[PDB]
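Here we start with a single chain on its own, the form deposited in one PDB entry, put down as structure tokens.
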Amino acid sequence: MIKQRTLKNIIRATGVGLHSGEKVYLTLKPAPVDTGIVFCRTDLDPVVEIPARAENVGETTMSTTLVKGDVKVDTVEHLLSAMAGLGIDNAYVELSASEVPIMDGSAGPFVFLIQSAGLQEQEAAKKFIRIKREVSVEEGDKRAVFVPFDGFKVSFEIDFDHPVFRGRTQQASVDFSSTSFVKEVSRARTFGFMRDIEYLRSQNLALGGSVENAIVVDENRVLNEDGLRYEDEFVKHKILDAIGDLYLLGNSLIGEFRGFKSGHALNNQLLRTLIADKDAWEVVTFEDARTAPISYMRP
């Protein structure tokens, strides 16, 4: 059987919210079978619980925000990507503030935190959502699509408005084996252009941002002293974001995602459209892991 997974132990991290600039304490707690990823705001009385599900998304401007009443959890995409990548089904994420800490701007520190706490396989079949039919959404020149594929694959194209490393676009495609996410995606940091960042800062946004958690591109040159972790780090980061948004389906996907200048807003539109189109998907489990189209690393 491909089994559900949780953490073996509680683990803690601290960081700053990139948007809010607030110091936040993060606790990952093990959870039992069929819990899913549940976020909680520990700083509120009573404590408020928000399942990490498409129906709980309230804002998608520059990050995915979960909302329940007037209670928000901002920037869930990078932590959710790490959980998707490692195959964590069940976890409580307890936050002392309205934003997940940015860490280094990738999923790398979250996958390390999770793999340090250890993975616990549970005595229940892991649930997958299979893409049975193509589903697509467009808005102007932007496109996001689910395509049937016996496995998990994510393609992305981004269009910069000017030349960066002497071209206007980057494309990447990752056909996932057990090991692809940690090695080729997890370390891809978020990025901003200096002129955009200057504008975001003027409007009192990106208050936690720095070279320590973001690639800063001034014109066509990277300002970060040590440069890039991958040649195509920027498009690999959009693949990271997309895997985090896809996990709001609450079950691991069997199929292909393609993004063309997509972002959190259109990614979330795709998810809502797929969820509505019940003939395009079906929940499945694998009692024989050897015949399953997706493998996870050993726990």
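For every residue, the number given is its place in the sequence shown, counted from 1. Heads up, when I say rigid core I mean the largest set of C-alphas that superpose within 1.5 Å between the two forms.
Engineer: Per the record, averaged over C-alpha atoms, which has the higher B-factor: 41-49 or 23-31?
Structural biologist: Per the PDB record, 41-49.
Engineer: Report the stretch with the higher mean CA temperature factor, choosing between 264-272 and 61-69 on the basis of the entry.
Structural biologist: Looking at the record's C-alpha B-factors, the answer is 61-69.
Engineer: So among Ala84, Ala144, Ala172, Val164, who wins on Cα B-factor in the entry?
Structural biologist: Checking the PDB record, the top C-alpha B-factor among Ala84, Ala144, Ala172, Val164 is at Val164.
Engineer: Specify which of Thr75, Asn90, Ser178, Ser106 carries the largest Cα B factor in the deposited PDB entry.
Structural biologist: Within the set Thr75, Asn90, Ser178, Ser106, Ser178 shows the top C-alpha B-factor.
Engineer: Give the position of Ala289 by CA B-factor within its chain, expressed as the lowest, middle or highest third.
Structural biologist: Within its chain, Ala289 is a highest-third residue by C-alpha B-factor, going by the deposited values.
Engineer: If you rank the chain by CA B-factor, which third does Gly209 end up in: lowest, middle or highest?
Structural biologist: For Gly209, whose C-alpha B-factor we compare with every modelled residue in the chain, the answer is the middle third.
Engineer: Considering only modelled residues of the same chain, in which third does the CA B-factor of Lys126 rank: lowest, middle or highest?
Structural biologist: For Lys126, whose C-alpha B-factor we compare with every modelled residue in the chain, the answer is the middle third.
Engineer: By its CA B factor, does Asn224 count among the lowest, middle or highest third of the modelled residues in the chain?
Structural biologist: Its C-alpha B-factor belongs to the highest third of this chain's values.
Engineer: Report the third (lowest, middle or highest) to which the CA temperature factor of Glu231 belongs, ranking only the modelled residues of the same chain.
Structural biologist: Ranked within chain, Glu231 CA B lands in the highest tercile.
Another form, the form deposited in another entry, is not on view; read the next lines as being about it.
Engineer: Fix the rigid core, compare C-alpha positions between this form and the one not shown, and report which of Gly227, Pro148, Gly118, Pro163 shifts by 2 Å or more.
Structural biologist: With the rigid core superposed, the residue that stands out is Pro163.
Engineer: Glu139 and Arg168: do their C-alpha atoms lie closer or farther in the other entry than in the form you see, with a change of 3 Å or more?
Structural biologist: Compared with the form shown here, the C-alpha atoms of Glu139 and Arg168 sit farther apart in the other entry, by 3 Å or more.
Engineer: Taking the cut-off of 3 Å or more as given, in which direction does the distance between the C-alpha atoms of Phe165 and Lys261 change in the other entry, closer or farther?
Structural biologist: Closer is correct, given that in the other entry the C-alpha spacing of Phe165 to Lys261 is reduced by at least 3 Å.
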